file data_37.pdb (PDB, C-alpha atoms)
ATOM      1  CA  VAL M  23       0.010 -21.244  14.866
ATOM      2  CA  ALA M  24       2.978 -22.124  12.678
ATOM      3  CA  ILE M  25       3.521 -19.131  10.362
ATOM      4  CA  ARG M  26       6.829 -19.316   8.558
ATOM      5  CA  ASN M  27       8.494 -18.144   5.385
ATOM      6  CA  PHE M  28       7.154 -19.769   2.275
ATOM      7  CA  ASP M  29       9.685 -21.645   0.193
ATOM      8  CA  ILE M  30       9.331 -20.028  -3.217
ATOM      9  CA  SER M  31      10.465 -23.158  -5.091
ATOM     10  CA  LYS M  32       7.246 -24.735  -3.819
ATOM     11  CA  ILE M  33       4.842 -21.927  -4.780
ATOM     12  CA  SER M  34       4.089 -22.469  -8.426
ATOM     13  CA  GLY M  35       0.970 -24.048  -9.784
ATOM     14  CA  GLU M  36      -2.704 -23.773  -8.957
ATOM     15  CA  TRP M  37      -4.149 -22.193  -5.874
ATOM     16  CA  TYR M  38      -7.567 -21.166  -4.590
ATOM     17  CA  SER M  39      -8.700 -18.085  -2.729
ATOM     18  CA  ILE M  40     -10.334 -18.990   0.607
ATOM     19  CA  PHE M  41     -10.748 -15.687   2.520
ATOM     20  CA  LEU M  42     -10.410 -11.970   2.123
ATOM     21  CA  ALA M  43     -10.211  -9.649   5.179
ATOM     22  CA  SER M  44      -9.698  -5.899   5.282
ATOM     23  CA  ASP M  45     -10.177  -2.843   7.472
ATOM     24  CA  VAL M  46     -11.737  -1.161   4.449
ATOM     25  CA  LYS M  47     -14.548  -3.562   3.561
ATOM     26  CA  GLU M  48     -15.419  -1.879   0.307
ATOM     27  CA  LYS M  49     -12.140  -3.055  -1.204
ATOM     28  CA  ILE M  50     -13.200  -6.689  -0.815
ATOM     29  CA  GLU M  51     -16.924  -6.369  -1.557
ATOM     30  CA  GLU M  52     -18.785  -6.718  -4.819
ATOM     31  CA  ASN M  53     -16.869  -4.721  -7.410
ATOM     32  CA  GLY M  54     -14.087  -3.799  -4.919
ATOM     33  CA  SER M  55     -10.579  -3.779  -6.522
ATOM     34  CA  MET M  56      -9.344  -6.571  -4.174
ATOM     35  CA  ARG M  57     -12.213  -9.028  -4.578
ATOM     36  CA  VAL M  58     -10.046 -11.267  -6.710
ATOM     37  CA  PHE M  59      -9.545 -15.021  -6.772
ATOM     38  CA  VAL M  60      -6.176 -16.580  -7.486
ATOM     39  CA  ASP M  61      -5.775 -19.249 -10.133
ATOM     40  CA  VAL M  62      -2.141 -19.843 -10.870
ATOM     41  CA  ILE M  63       1.173 -18.600  -9.665
ATOM     42  CA  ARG M  64       4.424 -18.966 -11.617
ATOM     43  CA  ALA M  65       7.952 -18.036 -10.619
ATOM     44  CA  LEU M  66       9.514 -15.750 -13.279
ATOM     45  CA  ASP M  67      13.118 -15.130 -14.153
ATOM     46  CA  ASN M  68      14.396 -12.339 -11.866
ATOM     47  CA  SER M  69      12.719 -13.562  -8.691
ATOM     48  CA  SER M  70       9.430 -11.853  -9.743
ATOM     49  CA  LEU M  71       6.207 -13.805  -9.321
ATOM     50  CA  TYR M  72       3.403 -14.028 -11.836
ATOM     51  CA  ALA M  73      -0.227 -14.823 -10.993
ATOM     52  CA  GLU M  74      -3.518 -14.985 -12.747
ATOM     53  CA  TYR M  75      -6.733 -13.876 -11.066
ATOM     54  CA  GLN M  76     -10.388 -14.217 -11.828
ATOM     55  CA  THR M  77     -12.737 -11.466 -10.746
ATOM     56  CA  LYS M  78     -16.364 -10.454 -11.426
ATOM     57  CA  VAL M  79     -17.012  -7.018 -12.796
ATOM     58  CA  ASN M  80     -20.728  -6.176 -12.842
ATOM     59  CA  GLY M  81     -21.645  -9.843 -12.567
ATOM     60  CA  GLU M  82     -19.489 -11.333 -15.363
ATOM     61  CA  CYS M  83     -16.356 -13.406 -14.692
ATOM     62  CA  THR M  84     -13.085 -12.016 -16.035
ATOM     63  CA  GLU M  85      -9.358 -12.643 -15.586
ATOM     64  CA  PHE M  86      -6.098 -10.709 -15.543
ATOM     65  CA  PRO M  87      -2.476 -11.156 -14.548
ATOM     66  CA  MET M  88      -0.572  -9.435 -11.755
ATOM     67  CA  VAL M  89       3.165  -9.429 -11.165
ATOM     68  CA  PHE M  90       4.852  -9.323  -7.824
ATOM     69  CA  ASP M  91       8.357  -7.772  -7.514
ATOM     70  CA  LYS M  92      10.764  -9.029  -4.821
ATOM     71  CA  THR M  93      11.927  -6.377  -2.346
ATOM     72  CA  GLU M  94      15.193  -6.826  -0.451
ATOM     73  CA  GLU M  95      13.272  -8.414   2.477
ATOM     74  CA  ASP M  96      12.544 -12.122   1.973
ATOM     75  CA  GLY M  97       8.900 -13.194   1.680
ATOM     76  CA  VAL M  98       8.115  -9.509   0.908
ATOM     77  CA  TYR M  99       6.922  -8.181  -2.411
ATOM     78  CA  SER M 100       5.581  -4.946  -3.933
ATOM     79  CA  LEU M 101       2.736  -4.771  -6.474
ATOM     80  CA  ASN M 102       1.475  -1.894  -8.607
ATOM     81  CA  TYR M 103      -2.307  -2.438  -8.749
ATOM     82  CA  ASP M 104      -4.905   0.109  -7.537
ATOM     83  CA  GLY M 105      -1.886   2.092  -6.344
ATOM     84  CA  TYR M 106       1.255   0.787  -4.582
ATOM     85  CA  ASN M 107       1.090  -2.294  -2.352
ATOM     86  CA  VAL M 108       3.618  -4.181  -0.188
ATOM     87  CA  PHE M 109       2.847  -7.568   1.284
ATOM     88  CA  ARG M 110       4.429 -10.623   2.819
ATOM     89  CA  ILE M 111       3.573 -14.178   1.779
ATOM     90  CA  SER M 112       3.856 -16.733   4.564
ATOM     91  CA  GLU M 113       3.239 -20.461   4.769
ATOM     92  CA  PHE M 114       0.333 -21.173   7.136
ATOM     93  CA  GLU M 115       0.808 -24.321   9.160
ATOM     94  CA  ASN M 116       2.153 -26.205   6.099
ATOM     95  CA  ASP M 117       3.169 -25.542   2.482
ATOM     96  CA  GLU M 118      -0.356 -26.150   1.166
ATOM     97  CA  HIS M 119      -1.662 -22.956   2.740
ATOM     98  CA  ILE M 120      -0.484 -19.364   2.227
ATOM     99  CA  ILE M 121      -1.384 -16.426   4.438
ATOM    100  CA  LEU M 122      -0.873 -13.042   2.805
ATOM    101  CA  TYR M 123      -0.635  -9.682   4.594
ATOM    102  CA  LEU M 124      -0.733  -6.611   2.349
ATOM    103  CA  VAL M 125      -0.921  -2.869   2.754
ATOM    104  CA  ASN M 126      -1.865  -0.376   0.055
ATOM    105  CA  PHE M 127      -0.130   2.951   0.590
ATOM    106  CA  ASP M 128      -2.867   5.105  -0.849
ATOM    107  CA  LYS M 129      -2.324   8.614   0.464
ATOM    108  CA  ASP M 130      -5.932   9.262   1.446
ATOM    109  CA  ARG M 131      -7.183   5.800   2.341
ATOM    110  CA  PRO M 132      -4.527   3.153   2.978
ATOM    111  CA  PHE M 133      -5.693  -0.209   4.172
ATOM    112  CA  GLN M 134      -4.566  -3.589   5.297
ATOM    113  CA  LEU M 135      -5.775  -6.779   3.593
ATOM    114  CA  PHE M 136      -5.340 -10.477   4.269
ATOM    115  CA  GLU M 137      -5.682 -13.173   1.576
ATOM    116  CA  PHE M 138      -5.637 -16.848   2.373
ATOM    117  CA  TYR M 139      -4.761 -19.379  -0.342
ATOM    118  CA  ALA M 140      -4.918 -23.124  -0.326
ATOM    119  CA  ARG M 141      -4.112 -25.959  -2.750
ATOM    120  CA  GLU M 142      -7.732 -27.149  -2.111
ATOM    121  CA  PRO M 143     -10.916 -25.126  -2.810
ATOM    122  CA  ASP M 144     -12.119 -25.367   0.736
ATOM    123  CA  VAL M 145     -10.322 -25.962   4.049
ATOM    124  CA  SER M 146     -10.925 -27.547   7.435
ATOM    125  CA  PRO M 147     -12.849 -25.576  10.065
ATOM    126  CA  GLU M 148      -9.786 -25.628  12.364
ATOM    127  CA  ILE M 149      -7.741 -23.756   9.741
ATOM    128  CA  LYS M 150     -10.591 -21.316   9.335
ATOM    129  CA  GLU M 151     -10.710 -20.602  13.094
ATOM    130  CA  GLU M 152      -6.945 -20.012  13.326
ATOM    131  CA  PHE M 153      -7.278 -17.650  10.368
ATOM    132  CA  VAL M 154      -9.984 -15.474  11.940
ATOM    133  CA  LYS M 155      -8.063 -15.239  15.217
ATOM    134  CA  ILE M 156      -4.924 -14.077  13.425
ATOM    135  CA  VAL M 157      -6.882 -11.446  11.558
ATOM    136  CA  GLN M 158      -8.536 -10.337  14.785
ATOM    137  CA  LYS M 159      -5.135  -9.880  16.463
ATOM    138  CA  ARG M 160      -4.273  -7.486  13.599
ATOM    139  CA  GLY M 161      -7.308  -5.478  14.705
ATOM    140  CA  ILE M 162      -9.633  -6.263  11.861
ATOM    141  CA  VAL M 163     -13.183  -7.170  12.869
ATOM    142  CA  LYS M 164     -14.993 -10.428  12.005
ATOM    143  CA  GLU M 165     -17.694  -8.614  10.001
ATOM    144  CA  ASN M 166     -14.879  -7.691   7.614
ATOM    145  CA  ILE M 167     -13.794 -11.315   6.995
ATOM    146  CA  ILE M 168     -15.442 -12.667   3.808
ATOM    147  CA  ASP M 169     -15.588 -16.429   3.398
ATOM    148  CA  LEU M 170     -14.996 -16.990  -0.309
ATOM    149  CA  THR M 171     -15.913 -20.667  -0.507
ATOM    150  CA  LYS M 172     -19.587 -19.561  -0.223
ATOM    151  CA  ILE M 173     -19.616 -17.460  -3.302
ATOM    152  CA  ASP M 174     -18.890 -17.740  -6.989
ATOM    153  CA  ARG M 175     -15.166 -17.739  -7.677
ATOM    154  CA  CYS M 176     -15.501 -18.057 -11.450
ATOM    155  CA  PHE M 177     -14.206 -21.630 -11.576
ATOM    156  CA  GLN M 178     -15.463 -21.922 -15.188
ATOM    157  CA  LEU M 179     -12.481 -19.840 -16.199
ATOM    158  CA  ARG M 180      -9.695 -21.714 -14.333
ATOM    159  CA  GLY M 181      -7.063 -23.228 -16.629
TER     160      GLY M 181
ATOM    161  CA  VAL Z  23      -7.826  17.925   6.217
ATOM    162  CA  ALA Z  24      -5.324  18.819   3.514
ATOM    163  CA  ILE Z  25      -2.953  15.834   3.225
ATOM    164  CA  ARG Z  26      -0.793  16.033   0.138
ATOM    165  CA  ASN Z  27       2.549  14.874  -1.166
ATOM    166  CA  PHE Z  28       5.486  16.503   0.515
ATOM    167  CA  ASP Z  29       7.831  18.391  -1.764
ATOM    168  CA  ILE Z  30      11.185  16.783  -1.036
ATOM    169  CA  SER Z  31      13.164  19.920  -1.946
ATOM    170  CA  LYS Z  32      11.538  21.485   1.115
ATOM    171  CA  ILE Z  33      12.233  18.673   3.604
ATOM    172  CA  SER Z  34      15.771  19.222   4.759
ATOM    173  CA  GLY Z  35      16.770  20.796   8.014
ATOM    174  CA  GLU Z  36      15.540  20.508  11.572
ATOM    175  CA  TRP Z  37      12.320  18.915  12.662
ATOM    176  CA  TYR Z  38      10.666  17.876  15.912
ATOM    177  CA  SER Z  39       8.699  14.787  16.823
ATOM    178  CA  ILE Z  40       5.200  15.678  18.078
ATOM    179  CA  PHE Z  41       3.263  12.369  18.268
ATOM    180  CA  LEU Z  42       3.705   8.654  17.967
ATOM    181  CA  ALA Z  43       0.697   6.326  17.423
ATOM    182  CA  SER Z  44       0.663   2.576  16.892
ATOM    183  CA  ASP Z  45      -1.559  -0.487  17.116
ATOM    184  CA  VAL Z  46       1.277  -2.165  18.999
ATOM    185  CA  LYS Z  47       1.840   0.230  21.897
ATOM    186  CA  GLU Z  48       4.982  -1.446  23.121
ATOM    187  CA  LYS Z  49       6.844  -0.257  20.033
ATOM    188  CA  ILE Z  50       6.330   3.373  21.053
ATOM    189  CA  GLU Z  51       6.654   3.044  24.836
ATOM    190  CA  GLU Z  52       9.687   3.396  27.049
ATOM    191  CA  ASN Z  53      12.481   1.411  25.428
ATOM    192  CA  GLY Z  54      10.318   0.491  22.383
ATOM    193  CA  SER Z  55      12.301   0.484  19.076
ATOM    194  CA  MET Z  56      10.097   3.275  17.594
ATOM    195  CA  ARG Z  57      10.173   5.724  20.497
ATOM    196  CA  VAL Z  58      12.526   7.975  18.586
ATOM    197  CA  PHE Z  59      12.632  11.730  18.105
ATOM    198  CA  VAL Z  60      13.712  13.301  14.840
ATOM    199  CA  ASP Z  61      16.380  15.978  14.743
ATOM    200  CA  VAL Z  62      17.514  16.584  11.215
ATOM    201  CA  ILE Z  63      16.690  15.348   7.785
ATOM    202  CA  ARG Z  64      18.990  15.728   4.772
ATOM    203  CA  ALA Z  65      18.393  14.806   1.153
ATOM    204  CA  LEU Z  66      21.218  12.531  -0.109
ATOM    205  CA  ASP Z  67      22.489  11.924  -3.596
ATOM    206  CA  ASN Z  68      20.367   9.131  -5.127
ATOM    207  CA  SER Z  69      17.022  10.340  -3.811
ATOM    208  CA  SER Z  70      17.705   8.625  -0.430
ATOM    209  CA  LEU Z  71      16.921  10.567   2.732
ATOM    210  CA  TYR Z  72      19.109  10.787   5.799
ATOM    211  CA  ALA Z  73      17.865  11.570   9.314
ATOM    212  CA  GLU Z  74      19.241  11.728  12.780
ATOM    213  CA  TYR Z  75      17.216  10.605  15.786
ATOM    214  CA  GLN Z  76      17.566  10.937  19.504
ATOM    215  CA  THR Z  77      16.237   8.176  21.711
ATOM    216  CA  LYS Z  78      16.512   7.156  25.387
ATOM    217  CA  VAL Z  79      17.811   3.721  26.176
ATOM    218  CA  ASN Z  80      17.445   2.869  29.872
ATOM    219  CA  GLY Z  81      17.060   6.532  30.762
ATOM    220  CA  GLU Z  82      20.074   8.036  28.934
ATOM    221  CA  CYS Z  83      19.750  10.116  25.751
ATOM    222  CA  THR Z  84      21.453   8.740  22.647
ATOM    223  CA  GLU Z  85      21.420   9.376  18.894
ATOM    224  CA  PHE Z  86      21.745   7.451  15.645
ATOM    225  CA  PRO Z  87      21.158   7.906  11.935
ATOM    226  CA  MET Z  88      18.599   6.183   9.728
ATOM    227  CA  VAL Z  89      18.429   6.187   5.948
ATOM    228  CA  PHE Z  90      15.296   6.077   3.900
ATOM    229  CA  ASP Z  91      15.382   4.535   0.378
ATOM    230  CA  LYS Z  92      12.971   5.792  -2.310
ATOM    231  CA  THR Z  93      10.648   3.137  -3.749
ATOM    232  CA  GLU Z  94       9.127   3.590  -7.204
ATOM    233  CA  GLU Z  95       5.999   5.165  -5.616
ATOM    234  CA  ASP Z  96       6.409   8.873  -4.827
ATOM    235  CA  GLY Z  97       6.290   9.935  -1.170
ATOM    236  CA  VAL Z  98       6.981   6.250  -0.314
ATOM    237  CA  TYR Z  99      10.151   4.926   1.238
ATOM    238  CA  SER Z 100      11.523   1.692   2.731
ATOM    239  CA  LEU Z 101      13.733   1.515   5.840
ATOM    240  CA  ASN Z 102      15.720  -1.360   7.323
ATOM    241  CA  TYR Z 103      15.439  -0.827  11.100
ATOM    242  CA  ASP Z 104      13.953  -3.384  13.540
ATOM    243  CA  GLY Z 105      13.109  -5.362  10.402
ATOM    244  CA  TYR Z 106      11.703  -4.052   7.088
ATOM    245  CA  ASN Z 107       9.460  -0.977   7.011
ATOM    246  CA  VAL Z 108       7.585   0.912   4.263
ATOM    247  CA  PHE Z 109       6.027   4.293   4.874
ATOM    248  CA  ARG Z 110       4.669   7.348   3.139
ATOM    249  CA  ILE Z 111       5.596  10.903   4.114
ATOM    250  CA  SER Z 112       2.853  13.451   3.530
ATOM    251  CA  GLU Z 113       2.570  17.177   4.131
ATOM    252  CA  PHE Z 114      -0.108  17.875   6.757
ATOM    253  CA  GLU Z 115      -2.076  21.020   6.068
ATOM    254  CA  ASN Z 116       1.111  22.914   5.077
ATOM    255  CA  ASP Z 117       4.820  22.264   4.468
ATOM    256  CA  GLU Z 118       5.734  22.866   8.119
ATOM    257  CA  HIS Z 119       4.034  19.663   9.233
ATOM    258  CA  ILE Z 120       4.685  16.077   8.110
ATOM    259  CA  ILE Z 121       2.396  13.130   8.751
ATOM    260  CA  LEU Z 122       4.086   9.751   8.416
ATOM    261  CA  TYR Z 123       2.344   6.388   7.972
ATOM    262  CA  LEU Z 124       4.573   3.322   8.311
ATOM    263  CA  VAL Z 125       4.160  -0.421   8.443
ATOM    264  CA  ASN Z 126       6.744  -2.910   9.675
ATOM    265  CA  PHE Z 127       6.416  -6.234   7.882
ATOM    266  CA  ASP Z 128       7.547  -8.391  10.758
ATOM    267  CA  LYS Z 129       6.313 -11.902  10.062
ATOM    268  CA  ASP Z 130       4.938 -12.563  13.537
ATOM    269  CA  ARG Z 131       3.899  -9.108  14.689
ATOM    270  CA  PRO Z 132       3.554  -6.454  11.986
ATOM    271  CA  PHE Z 133       2.227  -3.099  13.021
ATOM    272  CA  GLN Z 134       1.226   0.282  11.784
ATOM    273  CA  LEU Z 135       2.775   3.473  13.184
ATOM    274  CA  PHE Z 136       2.141   7.170  12.686
ATOM    275  CA  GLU Z 137       4.771   9.872  13.333
ATOM    276  CA  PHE Z 138       3.974  13.546  13.209
ATOM    277  CA  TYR Z 139       6.762  16.085  12.647
ATOM    278  CA  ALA Z 140       6.718  19.830  12.811
ATOM    279  CA  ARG Z 141       9.209  22.674  12.287
ATOM    280  CA  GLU Z 142       8.167  23.851  15.816
ATOM    281  CA  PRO Z 143       8.513  21.821  19.052
ATOM    282  CA  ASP Z 144       4.855  22.050  19.854
ATOM    283  CA  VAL Z 145       1.760  22.641  17.701
ATOM    284  CA  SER Z 146      -1.676  24.215  17.928
ATOM    285  CA  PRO Z 147      -4.498  22.232  19.542
ATOM    286  CA  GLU Z 148      -6.442  22.288  16.243
ATOM    287  CA  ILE Z 149      -3.602  20.428  14.497
ATOM    288  CA  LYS Z 150      -3.509  17.981  17.368
ATOM    289  CA  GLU Z 151      -7.255  17.256  17.067
ATOM    290  CA  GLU Z 152      -7.065  16.677  13.298
ATOM    291  CA  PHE Z 153      -4.157  14.321  13.952
ATOM    292  CA  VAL Z 154      -6.013  12.134  16.460
ATOM    293  CA  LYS Z 155      -9.056  11.896  14.186
ATOM    294  CA  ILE Z 156      -6.922  10.748  11.263
ATOM    295  CA  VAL Z 157      -5.277   8.115  13.409
ATOM    296  CA  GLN Z 158      -8.665   6.994  14.692
ATOM    297  CA  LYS Z 159      -9.953   6.542  11.124
ATOM    298  CA  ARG Z 160      -7.004   4.158  10.580
ATOM    299  CA  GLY Z 161      -8.435   2.138  13.467
ATOM    300  CA  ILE Z 162      -5.870   2.924  16.097
ATOM    301  CA  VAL Z 163      -7.269   3.819  19.514
ATOM    302  CA  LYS Z 164      -6.621   7.073  21.418
ATOM    303  CA  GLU Z 165      -4.925   5.256  24.320
ATOM    304  CA  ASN Z 166      -2.237   4.348  21.786
ATOM    305  CA  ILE Z 167      -1.511   7.976  20.786
ATOM    306  CA  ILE Z 168       1.469   9.332  22.782
ATOM    307  CA  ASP Z 169       1.849  13.094  22.982
ATOM    308  CA  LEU Z 170       5.597  13.666  22.808
ATOM    309  CA  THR Z 171       5.681  17.341  23.751
ATOM    310  CA  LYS Z 172       4.993  16.224  27.367
ATOM    311  CA  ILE Z 173       8.057  14.132  27.734
ATOM    312  CA  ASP Z 174      11.801  14.423  27.424
ATOM    313  CA  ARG Z 175      12.899  14.435  23.799
ATOM    314  CA  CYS Z 176      16.610  14.761  24.552
ATOM    315  CA  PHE Z 177      16.869  18.338  23.288
ATOM    316  CA  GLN Z 178      20.317  18.636  24.941
ATOM    317  CA  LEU Z 179      21.660  16.565  22.084
ATOM    318  CA  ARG Z 180      20.110  18.442  19.113
ATOM    319  CA  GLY Z 181      22.681  19.970  16.756
TER     320      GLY Z 181
END

call {"tool": "encode", "arguments": {"input": "data_37.pdb", "output": "C-alpha cells"}}
result
Amino acid sequence: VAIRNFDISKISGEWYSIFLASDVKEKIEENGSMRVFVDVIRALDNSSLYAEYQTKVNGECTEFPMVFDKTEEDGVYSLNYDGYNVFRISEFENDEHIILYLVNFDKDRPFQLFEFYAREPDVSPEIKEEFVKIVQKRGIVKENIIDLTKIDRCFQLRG
Amino acid sequence: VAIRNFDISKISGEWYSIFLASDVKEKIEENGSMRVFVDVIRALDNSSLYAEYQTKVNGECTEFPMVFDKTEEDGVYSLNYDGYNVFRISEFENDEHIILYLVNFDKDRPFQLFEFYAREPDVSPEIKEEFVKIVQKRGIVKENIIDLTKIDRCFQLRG
C-alpha cells in the first residue's frame, strides 16, 4: 500500500526486473522495445541516472545502457528511447522494491507501462498481489501483466 | 484520422473547449481541477505557450492563466498545475482543431486526460465521432467523455 518517493541516494547498484505491464501488450512481448531487464543503476553527476539493461533480440541476449534525465518534479524523469518517455520511480512498500510508472508520448500510439524492480530476483506472493491490484486500478488488464521471473532474463550477462 | 504535429506559428488566438475525457472522471466533473475551458493561447518568447482559461468554482465563472513549457520533444510540453503534467498537442484533421493528450504524474493517482479544442464553439458530428473512437482506443470509456458544448463555458468572460 505504501508507495512513496524513492530516496535516490539508495538507488544505485544491482536490481532485477520482476514484472512488466502495459496497455499496449506488444511493447512488452517478445521483441517489443520495452521487454527489457534491468541490471544496474548508477547515479551520475548532474542528477541523471544511468542503467544497464539486458534484452533478447531474436532469441539472443544483449545489453545496452539508458540514461534518465531529472525533470523539475521529484521522482520524475524523462528518457529518449523508442520516442519520448516520462515516468516516476517510487519505492514500493520499502526501499528494496521500486514501482515505475511510465508513459511514451508517441503521437499515434502512446501507452502506459509499469516496471517493478527488486533487489532480489523473485518476490513474495503478497508483493505480487499488491502489484497487480495497483496496475488494475490504472485500468490495465491482468492479461497484460507479464511475470518476468518465469522467463529468461539473460542472467548470464549480469555484471 | 489525420493526427499530425501542430504548427505552433498557427496556434495563437482564440479557441474553444469542446470535450474533456479522463480515466479519473472526478478531475473533469463539477469542481474538478481539469474542468477548464480555453479562451486564448499566445506564443511567448522562449518557446513557452501562454493560455487563459475560464472555470467555474462553486457555480461562479472565473479565469486564470497557465503556462506550458516546451520539452525537448516537439509537440510536447510540461505544465505545473495540480501537480506535474506532460502532454502533446496535435492537430486533428486540420489546423482548426487540436487534440490534446496529457498525463498527470501524481504519485498516488495519476491519470490521463484528453482535451479537444476548436476555432468554433461547436463541431460537426463526424469530428465528434472520430474523437470518441480515439479516446476509446486509449482505453477510456464513453461514460468518461464529457461533451462541453452542452454546458456553461463562461462565455461572458471571454475577451

call {"tool": "resolve_selection", "arguments": {"input": "data_37.pdb", "expression": "the PyMOL selection byres ((chain Z and resi 132) around 12)", "output": "PyMOL selection string"}}
result
(chain M and resi 109-110+123-125+134+156-157+159-161) or (chain Z and resi 44-46+49+104-108+124-131+133-135)

call {"tool": "resolve_selection", "arguments": {"input": "data_37.pdb", "expression": "the PyMOL selection byres ((chain M and resi 114) around 10)", "output": "VMD selection string"}}
result
chain M and resid 23 to 28 111 to 113 115 to 122 138 to 140 149 152 to 153

call {"tool": "write_last_selection", "arguments": {"input": "data_37.pdb", "atoms": "C-alpha atoms", "output": "compact mmCIF listing (two decimals), in the coordinates of the input"}}
result
# COMPACT_ATOMS: atom_id res chain seq x y z
CA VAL M 23 0.01 -21.24 14.87
CA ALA M 24 2.98 -22.12 12.68
CA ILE M 25 3.52 -19.13 10.36
CA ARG M 26 6.83 -19.32 8.56
CA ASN M 27 8.49 -18.14 5.38
CA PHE M 28 7.15 -19.77 2.28
CA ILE M 111 3.57 -14.18 1.78
CA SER M 112 3.86 -16.73 4.56
CA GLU M 113 3.24 -20.46 4.77
CA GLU M 115 0.81 -24.32 9.16
CA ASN M 116 2.15 -26.20 6.10
CA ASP M 117 3.17 -25.54 2.48
CA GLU M 118 -0.36 -26.15 1.17
CA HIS M 119 -1.66 -22.96 2.74
CA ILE M 120 -0.48 -19.36 2.23
CA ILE M 121 -1.38 -16.43 4.44
CA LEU M 122 -0.87 -13.04 2.80
CA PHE M 138 -5.64 -16.85 2.37
CA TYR M 139 -4.76 -19.38 -0.34
CA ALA M 140 -4.92 -23.12 -0.33
CA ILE M 149 -7.74 -23.76 9.74
CA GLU M 152 -6.94 -20.01 13.33
CA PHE M 153 -7.28 -17.65 10.37

call {"tool": "axis_aligned_box", "arguments": {"input": "data_37.pdb", "around": "range 42-47 of chain Z", "padding_each_side": "6 Å", "output": "AutoDock Vina command-line options"}}
result
--center_x 1.1 --center_y 3.2 --center_z 19.4 --size_x 17.3 --size_y 22.8 --size_z 17.0

call {"tool": "resolve_selection", "arguments": {"input": "data_37.pdb", "expression": "the PyMOL selection byres ((chain M and resi 61) around 10)", "output": "list in words"}}
result
residues 35, 36, 37, 38, 39, 58, 59, 60, 62, 63, 73, 74, 75, 76, 85, 87, 139, 175, 176, 177, 179, 180 and 181 of chain M

call {"tool": "residues_around", "arguments": {"input": "data_37.pdb", "residues": "residue 67 in chain M", "least_positions_apart": "2", "cutoff": "12 Å", "atoms": "only C-alpha atoms", "output": "list in words"}}
result
residues 64, 65, 69, 70, 71, 72, 89, 90, 91 and 92 of chain M

call {"tool": "closest_residue", "arguments": {"input": "data_37.pdb", "among": "Z:158, Z:178, Z:102, Z:171", "to": "chain M", "atoms": "all atoms listed in the file"}}
result
Z:102

call {"tool": "atom_distance", "arguments": {"input": "data_37.pdb", "atom1": "CA of residue 66 in chain Z", "atom2": "CA of residue 34 in chain Z"}}
result
9.9 Å

call {"tool": "atom_distance", "arguments": {"input": "data_37.pdb", "atom1": "CA of residue 172 in chain M", "atom2": "CA of residue 147 in chain M"}}
result
13.7 Å

call {"tool": "closest_residue", "arguments": {"input": "data_37.pdb", "among": "M:154, M:55, M:143, M:82", "to": "residue 40 in chain M", "atoms": "all atoms listed in the file"}}
result
M:143

call {"tool": "atom_distance", "arguments": {"input": "data_37.pdb", "atom1": "CA of residue 144 in chain Z", "atom2": "CA of residue 167 in chain Z"}}
result
15.5 Å

call {"tool": "closest_residue", "arguments": {"input": "data_37.pdb", "among": "Z:168, Z:98, Z:145, Z:173", "to": "chain M", "atoms": "all atoms listed in the file"}}
result
Z:98

call {"tool": "closest_residue", "arguments": {"input": "data_37.pdb", "among": "M:80, M:137, M:101, M:56", "to": "residue 42 in chain M", "atoms": "only C-alpha atoms"}}
result
M:137
